[PDB]
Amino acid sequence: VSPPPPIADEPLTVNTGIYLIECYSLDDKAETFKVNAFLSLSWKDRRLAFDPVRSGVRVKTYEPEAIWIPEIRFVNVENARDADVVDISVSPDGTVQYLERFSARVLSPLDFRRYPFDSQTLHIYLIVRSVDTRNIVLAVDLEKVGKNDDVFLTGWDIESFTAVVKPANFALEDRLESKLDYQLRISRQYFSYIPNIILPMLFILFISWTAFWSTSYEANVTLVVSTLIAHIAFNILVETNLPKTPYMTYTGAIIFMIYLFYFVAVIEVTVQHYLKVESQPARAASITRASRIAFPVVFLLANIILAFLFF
């Protein structure tokens, strides 16, 4: 059990395929997902060639230990995949058809810039390391790349599962490495974010703006401070669902901007009271009346600017 020797000096081509059975546990904080799939491998081993007329069989079945099998690994995994060999079939010319079913936890970075209206390209990198005897190169058998219809990733829509057919061949620790990129294109189901986070957050913000139709400082203080505390609750809830990013997320920007609106509303409420106490409610009245238009208008404009920058 050693690699098949070359006829000339050509590398050994291992044709690959991944057929997704299950996709689950897409952890946004960890930037990981779990996969249960079929991994098909195919290569020619002339040492295994036979005459079907003399042997009586058109195909030969082998045990993994009985023959040479290329050491194929996943790059972006936590631990080595848990694999169970399904079948090893050898045709008369010595063409081997290997099939295994595996489970793995894949590390794939996510771009949260447009969260929760984001799309991701999850990667599964297949790799083989060349041996001293000969160089091993990877290929894609497009006929053996797919996913079943039942593949459901909770909170996501699956668009496509394709493979970049040209491998990335590079040298690592004085040996050739042949890498294939299997890309799973997904898009977030943003629906739930609207009644659970977005609209509740807007309702409390609009409730704080009723202080612009009130001269009662004590009630105005209760209105703006209480809704601010409710906004803090939603901010904390959102940041518990997401990892910490070295950039601003769309939701993060809106959440942050709303703090400025609460801050300016506290300033308005304070100014209005100060003037009323200073026996100038006429000045206070004009500021409060302006705020009634200014706050929703500036909020609508700032959100248009934010949506423009992010989308």
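The first residue of the sequence shown is number 1, and the count goes up from there.
* Looking at the entry, does 69-77 or 89-97 show the higher mean C-alpha B-factor? -> Between 69-77 and 89-97, it is 89-97.
* Asked: Mean CA B-factor: is it higher for 196-204 or for 148-156?
  -> Mean CA B-factor is higher for 148-156.
* Asked: Out of 53, 253, 265, 30, which shows the largest CA B-factor listed in the entry?
  -> Checking the PDB record, the top C-alpha B-factor among 53, 253, 265, 30 is at 53.
* Asked: Can you tell me which of 239, 84, 181, 118 has the highest Cα temperature factor in the record?
  -> Answer, based on the entry's C-alpha B-factors: 84.
* When the modelled residues of the chain are sorted by Cα temperature factor, does residue 215 land in the lowest, middle or highest third? -> It belongs to the middle third of the chain when residues are ordered by C-alpha B-factor.
* To do: Give the position of residue 135 by CA B-factor within its chain, expressed as the lowest, middle or highest third.
  => Top third by C-alpha B-factor.
* Modelled-residue ranking by C-alpha temperature factor, third containing residue 107 -> Its C-alpha B-factor, which the entry lists for residue 107, ranks in the lowest third among residues of this chain.
* Taking the C-alpha B-factors as the PDB entry records them, is residue 166 in the lowest, middle or highest third of its chain? -> Top third by C-alpha B-factor.
* Comparing against every modelled residue in the chain, figure out the third that the C-alpha B-factor of residue 41 lands in (lowest, middle or highest). => CA B-factor rank for residue 41: middle third.
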